[PDB]
Structures are given as structure tokens and as C-alpha cells.
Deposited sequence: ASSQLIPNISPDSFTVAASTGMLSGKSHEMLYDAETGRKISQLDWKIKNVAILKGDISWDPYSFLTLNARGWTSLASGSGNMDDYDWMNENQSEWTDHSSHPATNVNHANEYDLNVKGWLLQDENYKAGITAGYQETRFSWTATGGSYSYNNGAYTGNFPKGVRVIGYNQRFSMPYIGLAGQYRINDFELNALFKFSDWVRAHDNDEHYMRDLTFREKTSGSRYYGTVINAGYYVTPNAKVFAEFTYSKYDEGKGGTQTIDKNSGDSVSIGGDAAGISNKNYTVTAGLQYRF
């Protein structure tokens, strides 16, 4: 009839589905703030597995460890722009790499929720935690247009051109809500940080160059929304939507590292 929820109980959930998104790897002129270089790294439809464990030691407190990982290499894309001419608003260089692999992607998130409002149908509270997210790509082959289109050509097919990975880590705060009627349950989380630490590594294999960038104190917004049905008092089948935005050798004013991503998964949660 309704969910069976005991004190000091805990849940385990697993879901499966898809990751998409877009990262930007940026280079600015530290003197003028003018954008010099931008590579757009896409994640097209990577298969992922998500796990979630919750424990309610008290009626007002939940402890939560969750995370996801790509299951294998996935489909991506990369576009690389330079603005080599200050006297021009349009980029002078564009290289395209449709054959870009997403080598891996993962995330984990350790947190607590403190429930401030609670009744028969509604729960609302504050959350805080620590989260890290990682992405890795390799762009291969592709084509290049340089000097406003006067140099054009192709990279050797299948050959690695640029390797790139990002890591975002942050403590965060947020608001958590729940709505239940009968056997339907809706959860919504909103997360925020002004304390994001970003790192990336870029290997330009054909230039014998490696770039490292690091930023600090950038902004993050995220949401987790899941809607489910208890097929039994202890077992919930659910769909989950997720959205994350990490705002923006190489340091300080020169560096820019960002990402947007979303996940759509479905699975099962069980309460012990």
C-alpha cells in the first residue's frame, strides 16, 4: 500500500542509462582577456551504470554515497578553434574530429541530508557533501582549416591527435525535497558550489606538447530528479534525470575549464 520505511534502515539502488554533455578547454590572453583557443569536447551517448547507497541513522539525517561510471569507451566529438588574429572576431582556425572517443567518465558524491520539514507527503531539507567528476577523451584523425580557410587538410585516419582529461572536485551545499502519495515518489535535489577545483591535462601528440591547467573557486550548479513507483513496499522502480554545470603550464587568467552534462537512467531501489 505505502512504502515500508523503518528507522536505521538503508537503501541500495542501481540504474543504467546514458551520459551526454560538452566540455570546453580554454586558452585566454592573460593581458587582454581575449579568447585565443577553445576546444569543445562532446560526449554523445555513453552507456553508464549508477549506484546509490543511503542510510538513515536518524529520522532527520541521511548519509549517502553515490556514483556512476561509463561501462566502456563511448562516442564523442571534438572541435578545436583558434583566434590567431586580434583584429578579427571570427576564429582563424578550426579543426574537426568526429572520430573522438570518450575513454571514460565517472563521478562519486558523498553527502549528508538534514531533513528540516517532514510530514506524510513532503520532505524538505538541506544537503552538503563532496563530489568529484572525471572525463577522458581521445580525438583521432579529422580535418583542419587554418588561416581563414587557406590551409586545409586531413589528419591520418585512426591516429591519435589530442588526448584530454578533466577532473572537477568540490564541496557543495544544496536543497533536497521529496513528495510521496500512495506508491509514487518524486525526489528533487538542487546543488551549488563556489569552491570547484578543476584540473585538466591535454596531450597534443603530433606537437610533442603536454598542457596542464588548474583553476580554483569556480561555480557549479546541479540537479537530481527521480520519479518512481514502489512495486512493493520495499522496492522502487524509477527513472532519474541529472544535470550538472561546471562554469569556467597554464594558470590564472589564461585558463578556462568547464563542463555541462546530464544523465538519464532507470533502475531499482531496495530498502533494507
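Coordinate coverage of the deposited sequence breaks at 1-4, 253-268, these segments carrying no C-alpha atoms.
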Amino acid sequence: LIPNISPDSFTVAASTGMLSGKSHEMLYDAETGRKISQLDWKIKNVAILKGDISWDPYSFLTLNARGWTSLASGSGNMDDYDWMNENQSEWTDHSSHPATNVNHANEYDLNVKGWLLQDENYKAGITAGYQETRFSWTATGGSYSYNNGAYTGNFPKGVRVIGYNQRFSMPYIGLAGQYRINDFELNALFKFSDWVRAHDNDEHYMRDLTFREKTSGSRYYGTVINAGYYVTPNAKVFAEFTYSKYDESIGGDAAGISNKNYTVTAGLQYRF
From here on, numbers count along this sequence of modelled residues.
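Checked against the record, the higher mean CA B factor of 187-195 and 86-94 lies with 86-94. In this crystal structure, the stretch out of 24-32 and 229-237 whose C-alpha atoms carry the higher mean B factor is 24-32.
The top Cα temperature factor in the record, among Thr133, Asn165, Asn101, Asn121, falls on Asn121.
Per-chain ranking of the deposited C-alpha B factor places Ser75 in the middle third.
Ranked by Cα temperature factor within the chain, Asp208 sits in the highest third according to the deposited record. Per the PDB record, residue ranking by Cα B-factor puts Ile250 in the highest third of the chain. For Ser216, the recorded CA B-factor ranks within the highest third of the chain. Only modelled residues enter the ranking. For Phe155, the recorded CA temperature factor ranks within the middle third of the chain's modelled residues.
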